[PDB]
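Quick heads-up: it's one chain on its own, the form deposited in one PDB entry, in structure tokens.
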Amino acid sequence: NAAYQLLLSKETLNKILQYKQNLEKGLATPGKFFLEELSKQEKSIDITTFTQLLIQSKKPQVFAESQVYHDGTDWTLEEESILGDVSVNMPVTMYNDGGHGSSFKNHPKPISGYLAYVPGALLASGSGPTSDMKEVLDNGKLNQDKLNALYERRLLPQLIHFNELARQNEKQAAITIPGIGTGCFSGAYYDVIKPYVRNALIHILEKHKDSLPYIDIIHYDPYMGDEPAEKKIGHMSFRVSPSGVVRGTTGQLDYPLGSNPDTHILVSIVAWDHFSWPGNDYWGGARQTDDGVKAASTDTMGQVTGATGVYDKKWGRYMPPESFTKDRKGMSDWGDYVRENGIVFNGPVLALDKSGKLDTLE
């Protein structure tokens, strides 16, 4: 029904069915936003609709690192532990290379590619401990293996999806990855989490090397905090190319070295968050963070809302349609558009079993 597609792992589906059963029995009260979205339909009892409504509770723009209290006021810890494992992919038209600020370079002809919003580990909050913190932290220390398992759970669905898609397109997949969960979703671990994320990526690609034959190039760019390097994981080329260390490196929304549109599909991973739509900050009109810049530099808003925006080259952002912004004062963001048109974030949802992708448990 929509243009995007949500994916989740198998342990995530186990948690989902456990939470649904505990809600059906009575020993679990939902969160405010989840119950809010529920109190708009007429059912309870179906699993994919439960998950779709839980995902619909997400708001267009949320500061996941300070604006959430992790209780009934917004989202419970079970709801958040589920939402943090939900990724969403979509076909996009990349208008520039994805550079931040004024560093973006407009593509002469816009590139056709794919985005995969994956929410990173949330290790910061203005209130109490988060679920991810309770998961990958052992007495303050950051557990490498637990973080690897978390990122595997959150990334393998999109990896296998784009593997199969590259197989269907008779091409290979070149995936550009940023410093996911490293900007400010790390809080007190910003100074140690980049090598942990690099090792998590390398471990995921080494553990499932034989299951991703059509993935060819992985272009990891944490801007800084890591040495530029090249590693050969089975048949794949994992390139750590920090843009602040290696000048002239290909942007996130551009084909890395050794890939081109004829022999490669261009897919880019986006640092998402637990409680926001794809684009987060740009839903408030700010072209910030990996999420916001990658959404503004593509037609993400057009794909989620269904509207037909127009890309502005002097500003490097996908602008809302002129029919909306016509008689408004000041700046009008896409959040105003979703509020005026009653647009909700809801789309098809799939899960990974012990092989392929489906939607039921068994």
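Just count from 1 along the sequence shown to find any residue number. Whichever C-alpha set is largest while still superposing within 1.5 Å between the two forms counts as the rigid core.
The following text describes the form deposited in another entry, which does not appear among the structures shown.
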Open item on the list: If I superpose the two forms on their rigid core, does the C-alpha of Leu27 end up displaced by 2 Å or more between the shown form and the other one?
Closed with: no
- [ ] Using a superposition on the rigid core, decide whether the Cα position of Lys313 changes by 2 angstroms or more between the shown form and the other one.
- [x] no
TODO: Work out whether the Cα atoms of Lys329 and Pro320 come closer together or move farther apart in that other deposited form than they are in this form, the change being 3 angstroms or more.
DONE: closer
Open item on the list: A 3 angstroms or greater change in CA distance between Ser102 and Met331 is reported in that other deposited form. Closer or farther than in this form?
Closed with: farther
